[PDB]
Amino acid sequence: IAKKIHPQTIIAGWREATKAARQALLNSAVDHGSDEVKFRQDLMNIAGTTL
Amino acid sequence: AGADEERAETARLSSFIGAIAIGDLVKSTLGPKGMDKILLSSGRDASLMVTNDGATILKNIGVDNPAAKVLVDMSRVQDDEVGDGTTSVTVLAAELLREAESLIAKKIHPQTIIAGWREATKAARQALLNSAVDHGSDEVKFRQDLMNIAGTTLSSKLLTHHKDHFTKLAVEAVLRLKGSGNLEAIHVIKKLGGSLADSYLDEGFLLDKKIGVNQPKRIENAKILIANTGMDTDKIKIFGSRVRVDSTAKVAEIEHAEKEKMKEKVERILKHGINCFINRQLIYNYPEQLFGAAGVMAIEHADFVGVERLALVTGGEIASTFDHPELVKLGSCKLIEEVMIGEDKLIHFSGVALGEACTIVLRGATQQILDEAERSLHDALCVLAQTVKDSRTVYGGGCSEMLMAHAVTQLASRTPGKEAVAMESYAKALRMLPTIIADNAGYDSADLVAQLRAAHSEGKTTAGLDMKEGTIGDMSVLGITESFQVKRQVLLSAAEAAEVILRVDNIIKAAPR
Amino acid sequence: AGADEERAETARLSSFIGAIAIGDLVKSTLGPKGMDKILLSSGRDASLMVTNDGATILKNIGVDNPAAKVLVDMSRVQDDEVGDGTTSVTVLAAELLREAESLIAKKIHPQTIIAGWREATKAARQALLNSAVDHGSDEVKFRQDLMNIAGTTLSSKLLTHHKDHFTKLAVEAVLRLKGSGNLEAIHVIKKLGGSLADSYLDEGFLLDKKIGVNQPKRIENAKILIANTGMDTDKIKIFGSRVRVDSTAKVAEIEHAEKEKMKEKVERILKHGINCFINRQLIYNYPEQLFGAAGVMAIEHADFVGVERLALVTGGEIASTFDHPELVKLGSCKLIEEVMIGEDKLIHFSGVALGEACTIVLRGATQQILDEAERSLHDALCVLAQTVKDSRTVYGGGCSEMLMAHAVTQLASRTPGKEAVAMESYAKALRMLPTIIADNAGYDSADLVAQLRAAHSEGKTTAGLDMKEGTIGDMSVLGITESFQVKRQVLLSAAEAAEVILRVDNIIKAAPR
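Residue numbers (PDB author numbering), protein chains in the order written: chain H, 104 to 154; chain C, 1 to 513; chain P, 1 to 513.
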């Protein structure tokens with residue numbers, strides 16, 4: 104509201120957001136492995152977070 | 001004396017309010033990227049409805065006391081003549097009311113202001129008077145048949161994925177209708193089968209009924225019989241009811257009487273060679289067994305509207321009592337058969353000798369997009385029919401409106417001043433349309449106005465409002481064009497009706513008692 | 001309901017309201033498209049005053065209970081030290097308060113965020129470090145004499161059509177002033193005549209007054225007399241009484257005594273050779289006639305402010321009782337004359353022995369707005385004195401603010417714990433300045449912010465806000481620069497001012513009712 108000009112212009116962000124959605128992907132390396140089976144990365148990971 | 005009388009200042013105000021309220025909602029609908037809208041109501045309304053077409057929603061409701069119901073009703077008459085293209089007529093009509101406030105300042109005769117409408121005719125000569133318009137649409141035309149206005153009509157509409165192809169098809173339909181003739185007997189039905197094309201073009205009339213499981217699959221050298229009176233017999237007037245007779249012995253004469261009806265139908269039907277029978281109403285069971293052996297295909301409960309068109313199509317005939325066969329009836333003979341379209345079974349009538357009437361069948365996937373297919377084709381048939389015979393079109397996306405606005409400003413000075421005062425006010429009205437188109441797609445309204453006027457005043461008619469761009473661009477590349485009739489007709493609808501608002505003295509209807 | 005009781009968040013709000021109320025009036029005043037505001041009162045005030053300078057209007061009035069007057073008083077010291085340019089310092093302190101709403105979102109200990117004020121100083125060190133300043137100020141100087149800082153102060157004002165030429169002229173005025181003298185004796189008056197230069201520079205001082213229609217047209221080897229007391233004589237405060245004499249014969253003495261005032265004025269004045277008499281107040285009618293025959297030009301109601309500067313100019317004189325002629329009066333002598341400046345008669349005092357005091361009488365194109373030269377000249381005086389002393393400048397048009405803002409965003413993420421939130425809030429404060437500069441330009445504030453931000457990131461200190469452009473451009477080409485002193489002091493002042501009262505929660509009660 105303080106922006107005080109045009110909320111429609113702001114909509115551009117949602118279109119931006121689709122690209123932004125892919126900023127999550129391919130924008131940084133983090134990890135990725137988790138191949139399958141896994142020796143040390145098998146657990147002591149995600150189950151604990153849900154847990 | 002109805003009781004509702006308004007004079008001078010107050011009468012004008014009620015009209016003024018009706019136009020502004022409707023203008024804001026319709027504005028987003030216009031152009032290649034329009035917005036789909038949903039409405040909720042209480043009382044004899046169930047839930048939210050979404051209509052891309054502006055005309056359909058206005059038609060459905062008469063919400064309140066202020067005058068606007070008649071103006072809205074009028075748009076349908078417009079819809080039949082050329083109609084839509086894109087909804088915009090309502091927008092232009094709304095804007096002439098804003099200068100009405102400045103009219104009081106002139107302070108003389110509102111009726112002589114009306115001569116301005118005569119000058120509106122003048123607007124028609126000045127609108128097409130300078131700069132440019134298209135110049136081809138020669139006849140048939142190899143590449144200009146479509147990919148222009150029809151695409152624009154549906155561009156606003158959600159269906160423009162598969163649908164833009166459907167629109168292209170519609171000009172083909174006008175090509176067979178081409179020449180000089182009636183805008184009649186063009187029939188379109190959507191289907192539940194799925195295909196990329198989403199539509200098929202038929203060389204004849206499509207119907208969807210069957211005699212029964214028994215009967216030959218197809219007929220050749222087909223002859224067509226249409227009867228006004230039903231096949232059913234027994235009741236007459238004052239039945240003499242089911243009744244009863246001295247035992248079961250005399251019941252037999254009753255069955256025998258029935259047999260006579262059966263024989264008359266076969267004995268003279270055979271001489272003709274009758275291949276198909278179409279009846280609008282209930283059909284008597286006895287003839288059904290007889291038709292199968294003969295090799296004749298009949299249609300139960302055929303709709304009357306299909307029948308009337310069919311008569312024009314096959315040379316017609318005279319429908320009366322069973323005497324109707326042979327010479328009193330005329331039948332075309334290319335071929336009649338029931339063909340599986342892809343999913344459902346339909347019956348095709350084709351190869352009509354007259355050639356005046358033809359039918360289009362649309363298929364589609366089976367969703368909202370197909371229901372709106374109805375919306376789009378009705379819209380399409382009128383625009384394209386006009387495009388072939390008009391020989392003239394204009395650039396869309398506001399190109400025409402800024403250009404016209406420059407043309408109109410020069411002329412007020414040109415004309416004598418009382419006439420000029422009225423005319424100049426009309427001229428500034430065109431400015432609002434550029435503003436309305438830019439605002440709906442996003443970008444702020446006056447920055448667009450600064451850049452927009454400079455490109456149009458330059459002399460490039462092709463340049464228009466590119467909503468995707470946010471600035472100005474070449475309209476022709478987009479492929480947006482408007483039929484010549486839509487532009488002048490909207491001006492007249494904006495005109496004449498706006499002329500009056502003193503003269504009417506009565507405005508609304510709701511429904512039956 | 002009412003009592004003036006404050007609780008937690010509400011106490012914070014009182015500080016908050018003062019900041020926001022001041023910011024809206026001040027924000028429109030910043031930059032090229034700033035706005036003038038006019039203020040009136042019924043008594044102890046006579047007319048509406050319009051002050052372009054934000055600092056001057058705040059100082060004069062203490063409108064209400066909430067604290068803000070003390071914060072305002074701070075800009076005075078800044079003004080006498082470095083001065084003006086454009087008033088931006090007050091706005092920056094106010095925006096610091098907006099984050100506070102997000103602070104309750106913290107739902108935690110509010111004063112550890114105070115560390116932000118300890119981040120403000122870190123921000124201050126980088127301002128010194130990153131801005132790009134200048135190299136050169138030879139003294140007098142050929143090309144770099146101006147077209148710099150005076151222009152930025154002028155940029156905020158719409159006079160910058162022909163006026164930027166006038167700003168350029170002002171440095172010539174400062175070159176004579178430059179050094180030991182400090183600020184005194186600079187006087188500016190407009191002329192109603194059109195010319196490209198729009199300004200002229202005078203060696204002496206112009207005063208607009210005349211003795212009367214009669215009197216000698218010109219005086220040379222002029223001697224100047226200034227009197228603290230008027231030529232008027234009759235009351236004396238203590239009347240001496242209504243008075244008793246010895247009938248009508250001696251009262252002739254009273255009327256005669258007036259003549260003695262006349263006699264002293266002529267006899268003593270003649271010996272000196274008196275050419276011009278200047279009196280600060282009303283002048284008695286009898287002496288006026290005497291001056292005309294003698295060959296002496298006197299000035300009725302000459303105001304005091306012109307006189308004090310004039311005294312420094314002529315070496316001055318001791319103004320007292322009619323004994324005042326001769327030696328106690330020192331009259332410099334070159335040329336005193338009334339000269340038609342094509343338009344309106346004015347009197348020129350020139351050939352001053354001192355040389356310290358001079359007058360900048362400008363002609364220029366006419367309208368009400370040439371009174372603007374009064375507005376505009378005053379700005380020129382303050383910026384040049386600082387520009388010569390500092391020998392340092394920074395790029396204007398908000399170029400400094402965006403660069404610093406890009407750097408601070410990185411800083412917040414780098415610092416661990418408590419500190420980044422505090423640092424980032426100070427950092428985003430800088431973001432509003434680009435917005436404030438853009439908004440008054442009439443261009444869209446949102447569009448302006450990102451484009452500006454992208455250019456700064458590249459490393460171009462020169463790049464900045466171009467309001468005339470409506471987008472972004474190279475500030476250096478414009479020639480707009482801000483003095484170095486204004487930027488380093490404001491950073492220390494802004495943080496400290498807002499900081500004290502956030503600290504204190506509760507402005508308390510009273511006794512009364």
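Ideal Cβ placement from N, Cα and C applies to all residues, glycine included.
Exercise. Do you know whose CA, among C:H162, C:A511 and C:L502, lies nearest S15 (chain C)'s CA?
Worked result: By alpha-carbon distance to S15 (chain C), the top candidate from C:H162, C:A511 and C:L502 is C:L502.
For this session: Using a Cβ-Cβ cut-off of 8 Å, state whether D444 (chain C) counts as contacting chain H.
Result: True, the Cβ-Cβ gap to chain H drops below 8 Å.
Exercise. Is the number of C-beta pairs between the stretch 362-380 of chain C and the stretch 225-236 of chain C that are closer than 8 Å three or more?
Worked result: No: fewer than three Cβ pairs fall under 8 Å.
Problem set entry | For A55 (chain P) and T87 (chain P), believed in contact at Cβ under 8 Å, the rounded distance | Cβ atoms of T87 (chain P) and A55 (chain P) come within 8 Å of each other, at about 6 Å.
Exercise. Within the chosen definition, does the stretch 180-194 of chain P reach the stretch 355-368 of chain P through at least 3 CB pairs nearer than 8 Å?
Worked result: Contact holds: three or more Cβ-Cβ distances are below 8 Å.
Exercise. Hey, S195 (chain C) and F166 (chain C): beta-carbon distance below 8 Å or not?
Worked result: In this structure, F166 (chain C) does not lie closer than 8 Å to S195 (chain C) by Cβ.
Exercise. If you compare alpha carbons, which of P:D4, P:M432, P:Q410 and P:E337 is closest to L92 (chain P)?
Worked result: Ranked by how close their Cα comes to the Cα of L92 (chain P), the residues P:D4, P:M432, P:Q410 and P:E337 have P:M432 in first place.
Problem set entry | Chain-ordered neighbours of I108 (chain H) on chain P, where CB pairs are closer than 8 Å | Within 8 Å Cβ-Cβ: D444, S445 and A446.
Problem set entry | With 16 other Cβ atoms within 10 Å as the buried cut-off, status of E482 (chain P) | The Cβ neighbour count for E482 (chain P), taken over all protein chains shown within 10 Å, is at least 16; the residue is labelled buried.
Exercise. Which partner residues of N221 (chain C) appear in the DSSP bridge assignment?
Worked result: For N221 (chain C), which the question treats as bridged, DSSP gives no partner whatsoever.
Exercise. Counting Cβ pairs closer than 8 Å, one from the stretch 464-479 of chain C and one from the stretch 145-162 of chain C, do we hit at least three?
Worked result: Under the 8 Å Cβ criterion, the stretch 464-479 of chain C counts as touching the stretch 145-162 of chain C, having at least three qualifying pairs.
Problem set entry | Span separating the alpha-carbon of residue 525 (chain C) from that of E81 (chain C) | Nothing about residue 525 (chain C) can be read from this structure; chain C reaches only from 1 to 513.
Problem set entry | Amino acids of chain P, ordered along the chain, whose beta-carbon sits closer than 8 Å to that of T112 (chain H) | At a C-beta separation below 8 Å, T112 (chain H) has these neighbours in chain P: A446.
Problem set entry | Sub-8 Å separation of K223 (chain C) and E338 (chain C) beta-carbons | Contact flag unset, no.
Exercise. In this structure, does DSSP put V63 (chain P) in helix, strand or coil?
Worked result: It is coil, neither helix nor strand.
Exercise. Taking buried to mean at least 16 other C-beta atoms within 10 Å of its own C-beta, is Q111 (chain P) buried or exposed?
Worked result: Classification for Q111 (chain P): exposed.
Problem set entry | Spatial distance of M467 (chain C) from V133 (chain H) (CA atoms) | Taking the CA atoms as reference points, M467 (chain C) sits about 40 Å from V133 (chain H).
Exercise. Identify the residues that DSSP records as bridge partners of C333 (chain P): which are they?
Worked result: BP columns for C333 (chain P) are empty, so no partner.
Problem set entry | Three-pair Cβ contact test at 8 Å for the stretch 92-107 of chain P versus the stretch 6-22 of chain P | With three or more CB-CB distances shorter than 8 Å, the stretch 92-107 of chain P counts as touching the stretch 6-22 of chain P.
For this session: Determine the burial state of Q215 (chain P): buried for a count of at least 16 other Cβ atoms within 10 Å of its Cβ, exposed for fewer.
Result: Buried, because 16 or more other Cβ atoms sit within 10 Å of the Cβ of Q215 (chain P).
Problem set entry | Meets three-Cβ-pair contact criterion under 8 Å: the stretch 415-429 of chain C and the stretch 440-458 of chain C | The stretch 415-429 of chain C, when compared against the stretch 440-458 of chain C, does not touch it at the 8 Å Cβ threshold.
Exercise. Within this structure, are the beta carbons of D145 (chain P) and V171 (chain P) separated by less than 8 Å?
Worked result: Taking 8 Å as the Cβ cut-off, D145 (chain P) and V171 (chain P) qualify as a contacting pair.
For this session: Measure the CB-CB distance between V328 (chain P) and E317 (chain P) and report whether it falls below 8 Å.
Result: Yes, the Cβ-Cβ distance between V328 (chain P) and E317 (chain P) is below 8 Å.
Problem set entry | Secondary structure of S102 (chain C), DSSP reduced to three states | DSSP places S102 (chain C) in the helix class (H, G or I) of the three-state scheme.
Exercise. So which of C:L13, C:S332, C:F322 and C:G295 has the shortest CA-CA distance to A311 (chain C)?
Worked result: Residue C:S332 is the option with its Cα nearest to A311 (chain C).
Exercise. Where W117 (chain C) and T10 (chain C) are concerned, what is the direct C-alpha to C-alpha distance, given to the nearest angstrom?
Worked result: When only Cα atoms are considered, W117 (chain C) and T10 (chain C) end up about 22 Å apart.
Problem set entry | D53 (chain C) burial status per 10 Å Cβ neighbour count (16 or more: buried) | Buried, since its Cβ has 16 or more Cβ neighbours within 10 Å.
For this session: Would you mind stating whether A385 (chain C) and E119 (chain C) have Cβ atoms separated by less than 8 Å?
Result: One thing to note: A385 (chain C) has its Cβ no nearer than 8 Å to the Cβ of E119 (chain C).
Exercise. So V408 (chain C) packs on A123 (chain C), CB below 8 Å; how close in whole Å?
Worked result: Here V408 (chain C) really is in contact with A123 (chain C); their C-beta atoms are around 7 Å apart, less than 8 Å.
Problem set entry | Selected residue, minimal CA-CA separation from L169 (chain C), among C:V352, C:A380 and C:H161 | For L169 (chain C), the nearest C-alpha among the options comes from C:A380.
Exercise. With contact counted as at least three CB pairs below 8 Å, one residue from each stretch, are the stretch 238-246 of chain C and the stretch 388-403 of chain C in contact?
Worked result: The stretch 238-246 of chain C makes no contact with the stretch 388-403 of chain C; the number of CB pairs closer than 8 Å stays below 3.
For this session: Please list, in chain order, all residues of the same chain as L128 (chain P) whose beta carbon is under 7 Å from its beta carbon, the five residues on each side excluded.
Result: Around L128 (chain P): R488.
Exercise. Using a Cβ-Cβ cut-off of 7 Å (strictly less than) and excluding sequence neighbours within five positions of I104 (chain P), which residues of its own chain qualify?
Worked result: Excluding five sequence positions before and after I104 (chain P), the CB atoms of its chain that fall closer than 7 Å to its own CB belong to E9, given in chain order.
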